[PDB]
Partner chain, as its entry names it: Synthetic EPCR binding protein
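Okay, so here's just one chain, in structure tokens, the form solved without the partner chain.
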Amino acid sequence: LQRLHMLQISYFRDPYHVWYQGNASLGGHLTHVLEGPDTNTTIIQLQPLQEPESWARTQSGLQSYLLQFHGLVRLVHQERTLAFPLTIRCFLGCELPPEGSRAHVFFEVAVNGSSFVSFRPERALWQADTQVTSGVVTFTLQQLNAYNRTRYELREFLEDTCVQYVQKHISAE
């Protein structure tokens, strides 16, 4: 519906062993799969939407996102008490409404099936979704809000890159 939605589920049995499963849909059709442990992560386009050189660039940046994501969970563990095993769910995307002056974009993170933090994209700030203050949540937010990587680069990815991908490829669906 002029939208790209991406889902990443990350199963941590311990800080150093993670299992990934995810997928992306474009206009409500499955277009990408994420699969495998950190030791060997498969990231696939089901439909050849990007040309080889282009997709290879996109794929390298996804792998790099994963490495930094994993580093942040180990850091939270390394600095606060983080109880494993745990499952993290990242749900993110962009939507072009027919009646919209702006894309709607989002990035929502849950832990163990409960709301944890989410991204306020235009101001490029992360917020807690948990009702109670927690050293884990507070420390995570401190990390997410302190660096350009998790603020301004992510805003660009959701507002610019995702939206330009929808405009460029929805007609294929």
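For the two forms, the rigid core is made up of the largest set of C-alpha atoms that agree within 1.5 Å on superposition. Positions refer to the first chain, counted from 1. Only residues modelled in both forms are compared.
Keep in mind the form deposited with the partner chain bound is missing from the figure; the text below concerns it.
Residues of just one listed stretch (44-52, 26-34, 104-112, 64-72) have heavy atoms within 4.5 Å of the partner chain in the entry with it bound: 64-72. Highlighted residues 78, 143 and 150: every one comes within 4.5 Å of the partner chain in the entry with it bound, counting any heavy atom.
Core-superposed comparison between the shown form and the other one: the Cα of residue 100 travels 2 Å or more. Displacement of the C-alpha atoms by 2 Å or more across three or more consecutive residues between the shown form and the other one, following core superposition, is confined to the single run 99-101.
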